[PDB]
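To keep things clear, I will list the structure first and then write my remarks on it.
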Amino acid sequence: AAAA
Amino acid sequence: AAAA
Amino acid sequence: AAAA
Amino acid sequence: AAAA
Amino acid sequence: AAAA
Amino acid sequence: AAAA
Amino acid sequence: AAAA
Amino acid sequence: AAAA
Amino acid sequence: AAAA
Amino acid sequence: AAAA
Amino acid sequence: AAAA
Amino acid sequence: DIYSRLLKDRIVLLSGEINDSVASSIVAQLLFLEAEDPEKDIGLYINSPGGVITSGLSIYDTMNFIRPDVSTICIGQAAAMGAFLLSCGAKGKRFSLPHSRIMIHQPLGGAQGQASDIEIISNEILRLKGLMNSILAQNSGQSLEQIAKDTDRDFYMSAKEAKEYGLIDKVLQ
Amino acid sequence: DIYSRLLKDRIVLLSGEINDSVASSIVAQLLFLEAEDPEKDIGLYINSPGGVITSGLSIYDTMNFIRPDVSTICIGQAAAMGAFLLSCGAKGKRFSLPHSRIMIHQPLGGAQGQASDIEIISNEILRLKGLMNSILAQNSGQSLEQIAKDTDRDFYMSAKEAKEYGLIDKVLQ
Amino acid sequence: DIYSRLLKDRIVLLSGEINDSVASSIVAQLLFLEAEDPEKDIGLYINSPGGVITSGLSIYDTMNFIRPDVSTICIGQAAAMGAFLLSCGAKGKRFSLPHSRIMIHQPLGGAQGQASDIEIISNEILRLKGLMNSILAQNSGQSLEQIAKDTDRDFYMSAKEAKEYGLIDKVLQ
Amino acid sequence: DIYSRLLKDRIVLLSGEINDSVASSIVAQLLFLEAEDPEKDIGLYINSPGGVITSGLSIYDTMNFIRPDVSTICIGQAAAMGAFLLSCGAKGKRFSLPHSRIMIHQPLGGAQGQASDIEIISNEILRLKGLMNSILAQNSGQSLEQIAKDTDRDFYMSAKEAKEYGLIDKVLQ
Amino acid sequence: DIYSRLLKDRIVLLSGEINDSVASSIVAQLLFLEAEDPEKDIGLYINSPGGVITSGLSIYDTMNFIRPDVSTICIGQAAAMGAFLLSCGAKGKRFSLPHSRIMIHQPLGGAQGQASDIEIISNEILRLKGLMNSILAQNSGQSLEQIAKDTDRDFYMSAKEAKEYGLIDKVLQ
Amino acid sequence: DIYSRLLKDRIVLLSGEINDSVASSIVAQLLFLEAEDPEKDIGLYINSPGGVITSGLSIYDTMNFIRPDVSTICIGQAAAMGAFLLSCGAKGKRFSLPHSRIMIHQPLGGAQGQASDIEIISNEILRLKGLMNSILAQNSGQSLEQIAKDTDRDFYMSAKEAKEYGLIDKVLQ
Amino acid sequence: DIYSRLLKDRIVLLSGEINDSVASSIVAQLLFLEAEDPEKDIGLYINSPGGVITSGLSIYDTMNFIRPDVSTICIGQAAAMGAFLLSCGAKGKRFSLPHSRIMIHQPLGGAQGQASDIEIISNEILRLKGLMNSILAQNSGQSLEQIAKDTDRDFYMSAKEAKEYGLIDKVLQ
Amino acid sequence: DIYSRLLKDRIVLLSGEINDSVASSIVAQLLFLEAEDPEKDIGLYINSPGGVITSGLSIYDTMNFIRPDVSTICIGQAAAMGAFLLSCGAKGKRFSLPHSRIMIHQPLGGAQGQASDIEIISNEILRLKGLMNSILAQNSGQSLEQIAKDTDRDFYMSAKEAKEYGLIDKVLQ
Amino acid sequence: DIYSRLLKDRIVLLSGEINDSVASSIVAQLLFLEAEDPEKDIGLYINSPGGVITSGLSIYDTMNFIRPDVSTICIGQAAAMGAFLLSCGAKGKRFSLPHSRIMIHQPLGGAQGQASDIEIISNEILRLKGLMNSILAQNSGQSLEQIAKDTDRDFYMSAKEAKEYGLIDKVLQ
Amino acid sequence: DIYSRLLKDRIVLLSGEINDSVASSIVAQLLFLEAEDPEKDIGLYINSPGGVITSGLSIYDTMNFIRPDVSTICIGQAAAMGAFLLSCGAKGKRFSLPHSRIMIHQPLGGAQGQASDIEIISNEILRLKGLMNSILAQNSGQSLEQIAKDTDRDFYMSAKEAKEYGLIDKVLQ
Amino acid sequence: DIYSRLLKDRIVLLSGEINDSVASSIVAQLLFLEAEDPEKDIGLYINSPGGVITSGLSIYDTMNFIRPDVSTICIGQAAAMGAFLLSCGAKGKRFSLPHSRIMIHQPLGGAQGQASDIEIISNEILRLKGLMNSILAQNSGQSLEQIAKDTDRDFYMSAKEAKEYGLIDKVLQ
C-alpha cells in the first residue's frame, strides 16, 4: 500500500 | 440496502 | 456460422 | 451518408 | 468529503 | 471468499 | 482489406 | 477545427 | 485550469 | 509516425 | 517520467 | 398532466420499482390528498416488482399516519414489497383486477467488510425479515408460521388465491 | 407542483442521500418558510440513509439559525447524518412513525496523497467524529463515552428504541 | 422557484464546486441585484468545496465592482476558493454559522507539454498562488509569509478559529 | 430568466469555451440588441478560456457589423480567442476587472490524412494564425512580428499588463 | 425566444453541422417565412463546417421552391456543403463578413458489403460529386472542370477571395 | 509437435480464416516441403470459411510456384477464398470428404474517404472480383458468365455438387 | 506432456467447445495415430457442450477417412455436436461412463443483411439440420421423423437412456 | 530458475497475496520437500499482505501435516493471513528480519442474496473469525479475549513488538 | 521452427505491416545472413500492405549496407512501403509471383498541437514524400514527375504492370 | 539468458518500479549469490523510480542479512525507495554514474473506511515515514530533522550532490 | 536465436521507444560485452523514436562506463533521446545509413498536484533540459545557445545534415  |  |  |  |  |  |  |  |  |  |  | 388530473380524483399510481425517490413522491401525494380532504378515501393503484424495504415502510406508515383510508388496487402485479403495501390497504378495501399476480418472499440484500459489520448487517436484515413476516401474518390472517414458510422462496399467486390467502379482500371484476 | 403545495403547509421532505445539492434545497426551503412566517412550526420529514457531513451540518445550523421550531419526523429510516438531523429537531418535537428505523455510526471517508496530507485529512475527519458525537450526546442525553462506544460500528434501533435512547421524543402511532 | 424567491430578498446561494458555469450564474445574480438596488446589502451564502481560481476571481471582482455590500455567510463549508470568497465579503459583514468548517490551501493544477510550457504554466500557477495569498493576507490581517506557510497544505478551521484567524468577522451564535 | 433580464439592460455574458453553438447565441444577442436600439452601447462581459477560431471570428465581425458600440469587460479571464474578442471591443471601451488574467497564444489544431491534405490543413491554420495575429496587432498597437513572437507559447498577463500591452483600454480596479 | 425574435425579422441562422434535423428546422422556417410574407427577403446567416449532402440539397431546393429571395450571409465560416448553400443564395444577395473563411471540396463517405454494393454506392457518390461541382460552377461562373480541379482536395479561401471566385457577391466590409 | 510429424508426411493443414499470418505459415510450409523433395506430392487439407484475398492469392501463387503437385482435401468446409484454394489444387487431385460443404461468393469489403479514394478502391475490388471469377471458371471448366452469376451471392454446395460443378475432382467415398 | 503420453496410448481427448481450432487439433491427432498404426483402435474421449457444425463434420469424416476404428467414450457430457460425434463412433465401440449426460438438438445460427441473403442462410442451416438428423438417425436406428421430433428443442438423456436410444452401444458402468 | 535453485536449499518463498493457486504452489513444495527429506528443516520466507482464509489454512495444515519442521521468516511484511502463517511456524523457529511489519485483524468478506443466505454466510465467517482468533492465541500465548480485542481493527506492529506479542520467537539482526 | 529452417536457406519473410518491431527482425536477419556468408544471395519474400516509413527505410538501407545481393519476391501483395521495398531489391533480382498486386502512394500521417508544430511535422512528412518519390524514380527508371503524379492517390497494378513500370524485373511464370 | 550470465559475475539489476514481485526476485538473487560465495562482493545496479515501501524493506534487510557486502551503483536514476536502497549499500561501495539523478521524498498512500480505520492507516504510514527518514539519516549522516525537512516534497539532486548529501560514497567519473 | 548470435559479433540492437525495461536490457548487453572482451568495439544500432530521459541517461553513462568503444549506427531513425544516444558514441565512430532521419528536441513531460510540486517538477525537467542541450552542445561542437535555439521545437535532419551538424561522424554511402 504505502509507497515512496 | 435491504430490499423485498 | 451454424452450430450445434 | 455521403457528406461534404 | 467525510460522510456519515 | 472470506479473507484476512 | 478485400475479402472473400 | 483550429482553436486558440 | 488551476484550482483551489 | 508517418506511414505508406 | 520526463521524455525526449 | 394526466397524473395530476387523476390525483384530483384522489387516485395515486405506484408503478415500477420502489425506492426512496418513488417513496417520497407517493408520500407527498398521500399527505397532499389528506390536506385537501382528510375524510375522502384514496385509491392507491399498485403495479410494482418490489423494492427498498425502508422505502416501502415509509409509504406503509404514511398510509396509516393520515386519516383517509388508503384503498389499494393491484394491477399488473404486486411483488414482494409491492405485495406488502397492497395488503396494508384499509381493511375491506384491498383490491386487485382479474389477472394481476401477487408474490411474496423474504428480504434480499448484501453485506461487505469486516466480519463484525457483516454480522450487524445480517442481524438487521433478519430484523426486517421478521417485521415483514409479522405484519404480513397480521394483514392476512395467516400465522407467523405460515408466512415464514411461504415467503422462504418466491410465492406466486393469482388475485383469487391472494383473496383466499387474505392479502386482499376482493377481486374487482 | 406537489411539493410546492406541501411547502405552503410548512412541510419539507428530506429524502435520500444528503449532499450539497440536497442540502442547499433544504436550506433554501427553511429560509423561505422563515420569511413566509417566523412563528409557525415547520415539519421536516426525514427519510435518509445519510450523507456528506458538512452538507448535513449546514441544514442543522440553518434549523437553529431561523426563528421557527423545526419539527422532525422520521419516515422509512433516519440513518447516520439522517439520524443526526432527526435528533437535532426542536426538543419535544422530534418524532418518528412506528416502523421507521434509526441508525447511528462514526464518519466514513477517504484520504490519498503524501503521508503529510493523509494525516491532516485523518485529523479533520476525527474532528468531525468528535463534533457529531458531542452533539449526539447533547441531543440524546447520553454521555460522550456512550455515544462513542455505540457509534463505533452501525447501531440500528427501532423507533421505540430511538425514543428510549433519546434521539426522538415521540413515536406517532 | 425557491431560489428565485430568495433572490427577491437579495439572498444569493453559492453551493458546490466553483467553475465558469457556476461563476457566470453568481455574476449575473450580483449584477441583477445591483440593478434592483445599488444600496441594499446582498447576502451571499457559501457552501463550497472550492473550484477553479479564475472563476472564483470573477466573483470576487464583481463583488467589488457593484455598489451594494456583499455580505458573506458560510454554512456547511467554505474550503479553498470557497474560503477565499468568504474572506472577501464586505468588511465587518463576513459571517458563519457555528458548525461550518473553513479551509485554505495553495492552488492545484497540472502542466503537460514541453519543458518550456510546463515552466510557463508553473510560473502562472505560482503567480496565482501569490495573488491569492496576497489578498487572503490583506483580508485577514495576516502577513503574506504566514499565509504562505499555513496554506502549504490543507489547513482546516472551525468557525470560531476562522474568525480568530481573520477570515470572517462574526460567528452567528 | 436572470440572463434575459440582463439582456434587457444590453448586457451579454460570454462565459466558457467558444464554439459554434456559443458564437451562435452571442451573435444572436448582438443582432437582437441593435435591433432593439441601434445607438445605445452594448456590454459584452467575457470570461472564457478560448476556443474555435472561426467561431470567435463570427462574433468579432458581428461586433463590427452592427451599428452600436460593443464594450468588452473581462471578468475572471480572457484567454486566447477570449483575449482576442476582448481586444476587439470598441476602442476606448475595452475593460477588465482588477484581478482578471489575460492570455494570448498561437492557434492549435490537428491534421490527419495524406501528406497532401496535411500540408493543405497546415497552410490553413498558418493562415488563421496570421489572420488572428494581425488583428491582435491592429488592436493593441503591437507589430505583427511582435505578436507572433509573444504568442509563440502561452503568454499570460495581469489586467494592468494587458492595458500596458494594448489589449484593453483601462482597468476598473 | 432569441431565435424566434430574429425569425420575426425574417432572419434564419444555420449554425454548425448539416444533417436531417438541422435541414428539417431550416426548411420549416423558410416555409413559415414565405407563408408569412412571400415578398420580403429572407436572411440566412451561415456558419457551418458542412454536413450530409442530401440534407443540404434539401435546403437548396427549398430556397428555390419558395417565392422569397433567400439572401445568404457567411459569418465565421461556410465550408463544403455550407459553402454550397452560401453560393445558392439569391442573385446579388450572397454576402460575407470580412473575416469569414470559405471552403469547398469533393464529397466524403463510406461503403461496405459486396463488391457489387460498393460499386453502386461509389457510383452514387460520384453522382453527388458531379451534381455539386456542376451547381458550384453555375453559381460561381467558373467552368465545371475548374471546380472539379479545385475541390479535388480542401480549398480554403478568404471572404475577398471567395468574391473573386464567384461564390459570393459582396463582402460587407 | 503433432503438426510437425504430419508435415514430415508432406501434410499441410489450413484451418480457419485466411490472413497474412496464416498465409505466411502455409507458404512457409510449402517452400519447406519443396526443399525437402521437389517431386513428392503435398497434401493441403482445407477447413476454412475464407478470408483476405491477397493472402489467399499468395498461397495459390505459391502452390504453382513450387514443383510438387499440391493436392487439396476439403474437410469441414471450403468457403469463398477456401473454395478458391481448393479448386486451385493440382488437376485430378482436388478432393473432398463426403460431408464437407463448399461455398463460393463475390468479394466483400469496405472503402472510406473522398469520392476519388472510394472510386479507386471500388475499381480494385472489382478487379479482384473479375480476377477470381476468371480463375474459378478456369479451374472448374464453367463459363465466366456462369461463375459471375452463381457467386453474386453465397452459393453453397455439398461435396458431390462441388464435384459436378468442377471445383473438385473426387469425393473420398 | 500429460496429454502427449496419453496419445502414445492412442488416447485423444475432445474437451470443451468445438470450433475450427479444436477440430484441427483433433483431426491432426487422428491422422497422426493412423500414421503410427492404421490397425490399432483409437479411443476418443468426449466431454463437449457442442460447437460449430462444419467443424464437427471435419472430425466426423476424418474418423471414417482413416483406417483404424475410432471408439468414442463420453465422460462428463456430450451435447449437441458432441453427442453427434459420440454417435459416430465405430459400431459397437460407442461408450459412456455411468454418469455422463447426452443431449441432442437442432442447429442454432444467425443471419443478417438483405432478404435474399437471409433466405440463402436459412436454407443452408436447414440443410445442415436435415443432414445431421438423417445421420443421427442412421447412427441410432431411429427414423428421421423421430430424430426430427426429439431434436426440435433440447433433449437431455442419461447414459442409460442414450444407450436405449441407440446413440451409444454400452455404458462402462 | 532462481526460485528453483533456492528450493534445493529447502527455502520456500511465499510472496504476494494468498489465494488457492498460490496455496497449492506452497503446499506442493512443502510436500515435495518432505519427499526429499522428512527430517531436515524447511524455510518458509513470508512477505504477504494476506489473502483467502481457507487458502491460508491449507498451507498451515500442510505445515503441521509433514514431519519436517517448517520455520517461518517474515521479510517485508506479514499481514493478516500472512501474519497467521508466520505465527504457525514451528516453536522456537518463527523469525523476522529487523524492519518487517506484522499486522493482524479480523476476517473480511461479502454476502449477497436472501436474508437466509446472508445469515448462513455471516455465521460461517464468524466461525472462521473464531477459529483464527483461538489459533492465534495458542500460537502467541495471549488470551482469546485479548486477540479478539486486538484484531477488531488493523493491529500493526514492528518486528520487536511481534516478538513481545508472541507471534515470532526471534528477530534476526 | 520452420522460419528458422528457411533462414538457413537464406530465405527471409516479411509478412504484414511494417513497423519498428518488424523492421528490427528483418534487419537482424539480414545482418545474420551476411555474418553467415557475405557472398550468397538472400531471398526476401514480401507480402505486406505497408507500414511506418522510417521502419521501411531501415530495412532498405540495411539491404544496401550488407554485402549480399538481396533479391525481392512479392507474394500476395506489396503495397506502398511494401512495394517501395520490393523495388529496392538487387537490380535484376526483383521478382513477383503472377497474381500479386502492387500498389504505390504518397505518405499518410497526422499532426496535432500548435500551428508551429503542425507545420514542422507537415514539412517533415513532405520531406519523406519527396525522398520516397525520388528513390522510386531511381528504382523504376521513371521521372520524379511521373512518380509524383502516379502516387497522388492509390495506384494499383498487376505484377506484369509493375514490371513494365520498373518496380520489379521479372514475373515468375 | 543475458541477465543470467551477468548474475554469474555477481551483478543483479534492479530496474523499474519496486513491488512484491520485483523484491522477491531481488531477494532470491541475493540469497542465491550468498550461497554461491558468501565472501565476494555483489553489485546491485539500481535504476528505479521507487515503489512499495515494505517491498523495498525486504530487499534492504536481505542486504544486511547476508554475509556479502552489497555494493549499490545508481544508473539512470534512484528515486524515493530506489534512492533509499542506493544509500543502504555497504559503506564505501555506494556508487553512481555521472549523470544519474537521485530523489528522496516522504511516503504516499491511501486510506478508506471509518474514521477509526483511517487514523490507524494514517498512523502506520507516518510510522513507515519515520522509519524511512530515520534510516536515510543514519545512512547519509544528516540529522533526522534535516531528512524530514528535505523529504517533505520531492528532493532532486545530481550524482555529485547526492555524494555531498551522504547518499553515496563516490561518483564513477 | 538471431539476436544472440549477433551479440556474439558485438552487435547490439536498440529499436523502439526507450524506457527502463529497454534500457536495462541495453545496459545488460553492454556490460556483458565488456565482460567478454573489454578491448573490442561494440556496434550499437539505433532505430528509436526516443523515450524516457533517465532511461536514456543510463545507457549513455554505461557506454562511457565500460572500457570498449561503443560505436553507434543509426538506421531508420534516431529521434530525440535516440539522437542523443547516437551523438554519444565514441568520437569518429558515430555513423548512419544514408536514408536515416535524425531529430533533436527539448524534453516533454507532465506535472500534477500542488503549485509547489509543479514548481519542483518544472525545475527538475528544466534541469534535464539544460543537461542534454549542453551534452549535445559538446557532442556536436556548437554553442549551447545555438543548440537551445535548435531544440526549442522538433528539429529534423537528413543523415547528411546530422553529419554537418556534428551529431554523427560519417554517413556510410
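Residue numbering restarts at 1 for every chain of the C-alpha cells, chains are lettered A, B, ... in their displayed order, and ligands are numbered from 1 as they appear.
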DSSP-assigned strand (DSSP E or B) among chain M, expressed as an mmCIF file with N, CA and C atoms, in the first residue's frame:
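File out14.cif, as written:
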```cif
data_model
loop_
_atom_site.group_PDB
_atom_site.id
_atom_site.type_symbol
_atom_site.label_atom_id
_atom_site.label_comp_id
_atom_site.auth_asym_id
_atom_site.auth_seq_id
_atom_site.Cartn_x
_atom_site.Cartn_y
_atom_site.Cartn_z
ATOM 1 N N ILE M 11 -44.368 22.114 5.176
ATOM 2 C CA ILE M 11 -43.902 20.735 5.184
ATOM 3 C C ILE M 11 -42.709 20.601 4.249
ATOM 4 N N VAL M 12 -41.618 20.063 4.775
ATOM 5 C CA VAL M 12 -40.417 19.874 3.987
ATOM 6 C C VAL M 12 -40.009 18.411 4.031
ATOM 7 N N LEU M 13 -39.608 17.881 2.880
ATOM 8 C CA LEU M 13 -39.200 16.491 2.802
ATOM 9 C C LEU M 13 -37.734 16.296 2.440
ATOM 10 N N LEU M 14 -36.985 15.692 3.356
ATOM 11 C CA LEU M 14 -35.588 15.377 3.106
ATOM 12 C C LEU M 14 -35.557 13.874 2.807
ATOM 13 N N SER M 15 -35.359 13.543 1.537
ATOM 14 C CA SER M 15 -35.350 12.156 1.095
ATOM 15 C C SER M 15 -34.081 11.756 0.341
ATOM 16 N N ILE M 18 -27.721 12.604 1.389
ATOM 17 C CA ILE M 18 -27.504 14.008 1.707
ATOM 18 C C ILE M 18 -26.181 14.480 1.105
ATOM 19 N N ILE M 42 -42.313 24.211 11.647
ATOM 20 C CA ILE M 42 -42.035 23.693 10.315
ATOM 21 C C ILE M 42 -41.877 22.185 10.501
ATOM 22 N N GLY M 43 -42.388 21.413 9.547
ATOM 23 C CA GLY M 43 -42.288 19.970 9.644
ATOM 24 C C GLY M 43 -41.266 19.389 8.690
ATOM 25 N N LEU M 44 -40.143 18.925 9.229
ATOM 26 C CA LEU M 44 -39.094 18.331 8.405
ATOM 27 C C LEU M 44 -39.173 16.809 8.492
ATOM 28 N N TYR M 45 -39.810 16.200 7.496
ATOM 29 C CA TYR M 45 -39.940 14.750 7.445
ATOM 30 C C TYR M 45 -38.647 14.225 6.854
ATOM 31 N N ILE M 46 -38.021 13.290 7.563
ATOM 32 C CA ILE M 46 -36.752 12.723 7.145
ATOM 33 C C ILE M 46 -36.777 11.234 6.819
ATOM 34 N N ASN M 47 -36.289 10.910 5.625
ATOM 35 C CA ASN M 47 -36.179 9.536 5.159
ATOM 36 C C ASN M 47 -34.862 9.527 4.401
ATOM 37 N N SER M 48 -33.770 9.399 5.150
ATOM 38 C CA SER M 48 -32.440 9.426 4.566
ATOM 39 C C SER M 48 -31.480 8.351 5.074
ATOM 40 N N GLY M 51 -25.293 10.774 4.535
ATOM 41 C CA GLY M 51 -24.630 11.579 3.522
ATOM 42 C C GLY M 51 -23.421 12.389 3.959
ATOM 43 N N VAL M 52 -23.069 13.382 3.146
ATOM 44 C CA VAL M 52 -21.918 14.223 3.431
ATOM 45 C C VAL M 52 -22.129 14.994 4.735
ATOM 46 N N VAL M 70 -38.213 23.753 14.191
ATOM 47 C CA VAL M 70 -38.194 22.806 13.090
ATOM 48 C C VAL M 70 -38.430 21.411 13.651
ATOM 49 N N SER M 71 -39.665 20.946 13.501
ATOM 50 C CA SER M 71 -40.071 19.628 13.968
ATOM 51 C C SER M 71 -39.509 18.587 13.011
ATOM 52 N N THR M 72 -39.031 17.471 13.551
ATOM 53 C CA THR M 72 -38.507 16.413 12.693
ATOM 54 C C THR M 72 -39.324 15.135 12.839
ATOM 55 N N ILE M 73 -39.652 14.539 11.697
ATOM 56 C CA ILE M 73 -40.416 13.305 11.672
ATOM 57 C C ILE M 73 -39.708 12.285 10.797
ATOM 58 N N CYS M 74 -39.292 11.179 11.403
ATOM 59 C CA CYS M 74 -38.612 10.126 10.669
ATOM 60 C C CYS M 74 -39.606 9.169 10.015
ATOM 61 N N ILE M 75 -39.460 8.974 8.711
ATOM 62 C CA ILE M 75 -40.317 8.066 7.964
ATOM 63 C C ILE M 75 -39.400 7.134 7.162
ATOM 64 N N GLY M 76 -39.703 5.844 7.185
ATOM 65 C CA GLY M 76 -38.867 4.896 6.480
ATOM 66 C C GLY M 76 -37.625 4.649 7.313
ATOM 67 N N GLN M 77 -36.681 5.586 7.265
ATOM 68 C CA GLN M 77 -35.445 5.449 8.021
ATOM 69 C C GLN M 77 -34.716 6.786 8.201
ATOM 70 N N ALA M 78 -33.890 6.853 9.240
ATOM 71 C CA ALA M 78 -33.065 8.027 9.512
ATOM 72 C C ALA M 78 -31.728 7.421 9.939
ATOM 73 N N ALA M 79 -30.809 7.301 8.989
ATOM 74 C CA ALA M 79 -29.514 6.691 9.272
ATOM 75 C C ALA M 79 -28.352 7.660 9.191
ATOM 76 N N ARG M 94 -39.436 15.979 18.141
ATOM 77 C CA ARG M 94 -38.708 15.039 17.298
ATOM 78 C C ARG M 94 -39.546 13.771 17.318
ATOM 79 N N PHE M 95 -40.104 13.421 16.165
ATOM 80 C CA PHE M 95 -40.973 12.262 16.066
ATOM 81 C C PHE M 95 -40.479 11.209 15.092
ATOM 82 N N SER M 96 -41.252 10.137 15.004
ATOM 83 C CA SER M 96 -40.957 9.037 14.110
ATOM 84 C C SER M 96 -42.194 8.162 13.975
ATOM 85 N N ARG M 101 -36.810 3.115 11.049
ATOM 86 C CA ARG M 101 -35.629 2.561 11.690
ATOM 87 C C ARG M 101 -34.610 3.694 11.758
ATOM 88 N N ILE M 102 -33.904 3.779 12.876
ATOM 89 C CA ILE M 102 -32.900 4.812 13.096
ATOM 90 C C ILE M 102 -31.517 4.170 13.281
ATOM 91 N N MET M 103 -30.488 4.798 12.729
ATOM 92 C CA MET M 103 -29.145 4.248 12.846
ATOM 93 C C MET M 103 -28.089 5.331 12.997
ATOM 94 N N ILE M 104 -27.104 5.056 13.836
ATOM 95 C CA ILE M 104 -26.019 5.998 14.044
ATOM 96 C C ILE M 104 -24.664 5.275 13.975
ATOM 97 N N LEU M 108 -17.309 8.143 7.828
ATOM 98 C CA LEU M 108 -16.593 7.300 6.885
ATOM 99 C C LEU M 108 -15.995 8.250 5.865
ATOM 100 N N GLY M 109 -14.865 7.860 5.286
ATOM 101 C CA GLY M 109 -14.236 8.710 4.297
ATOM 102 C C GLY M 109 -13.022 8.100 3.633
ATOM 103 N N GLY M 110 -12.214 8.968 3.049
ATOM 104 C CA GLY M 110 -11.020 8.519 2.377
ATOM 105 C C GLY M 110 -9.982 9.612 2.307
ATOM 106 N N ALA M 111 -8.732 9.197 2.189
ATOM 107 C CA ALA M 111 -7.629 10.124 2.102
ATOM 108 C C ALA M 111 -6.559 9.488 1.238
ATOM 109 N N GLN M 112 -5.997 10.277 0.335
ATOM 110 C CA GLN M 112 -4.944 9.786 -0.525
ATOM 111 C C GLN M 112 -3.922 10.896 -0.688
ATOM 112 N N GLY M 113 -2.668 10.512 -0.906
ATOM 113 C CA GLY M 113 -1.625 11.501 -1.089
ATOM 114 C C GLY M 113 -0.407 11.218 -0.246
ATOM 115 N N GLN M 114 0.344 12.268 0.054
ATOM 116 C CA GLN M 114 1.538 12.148 0.871
ATOM 117 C C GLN M 114 1.138 11.845 2.308
ATOM 118 N N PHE M 155 -25.211 1.012 14.455
ATOM 119 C CA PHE M 155 -26.063 0.779 15.610
ATOM 120 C C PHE M 155 -27.522 1.037 15.230
ATOM 121 N N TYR M 156 -28.202 -0.026 14.806
ATOM 122 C CA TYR M 156 -29.600 0.048 14.388
ATOM 123 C C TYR M 156 -30.588 -0.106 15.529
ATOM 124 N N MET M 157 -31.609 0.740 15.525
ATOM 125 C CA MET M 157 -32.631 0.657 16.540
ATOM 126 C C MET M 157 -33.999 0.972 15.965
ATOM 127 N N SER M 158 -35.027 0.545 16.689
ATOM 128 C CA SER M 158 -36.406 0.770 16.299
ATOM 129 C C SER M 158 -36.800 2.157 16.774
ATOM 130 N N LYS M 170 -41.115 11.274 20.535
ATOM 131 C CA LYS M 170 -42.346 10.510 20.479
ATOM 132 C C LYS M 170 -42.569 9.748 19.184
ATOM 133 N N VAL M 171 -43.142 8.557 19.322
ATOM 134 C CA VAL M 171 -43.447 7.703 18.193
ATOM 135 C C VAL M 171 -44.939 7.858 17.899
#
```
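All residues of protein, DNA or RNA that reach within 7 Å of residue 4 in chain E, judged by only C-alpha atoms and not counting those fewer than 2 positions away in the chain, are residues 50, 51, 52, 53, 80, 81, 105, 106, 107 and 108 of chain M.
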Specify as a list in words all residues of chain Q found within 6 Å of chain T, counting only C-alpha atoms.
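The answer, sorted by residue number, is residues 20, 54, 55, 57 and 58 of chain Q.
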Please measure the separation of CA of residue 29 in chain V and CA of residue 26 in chain U, giving the value in Å to one decimal.
19.2 Å
Mind checking which residues fall within 7 Å of range 132-137 of chain P, counting only C-alpha atoms, ignoring those fewer than 5 positions away in the same chain, and posting them as a PyMOL selection string?
chain P and resi 84+142-144+147-148
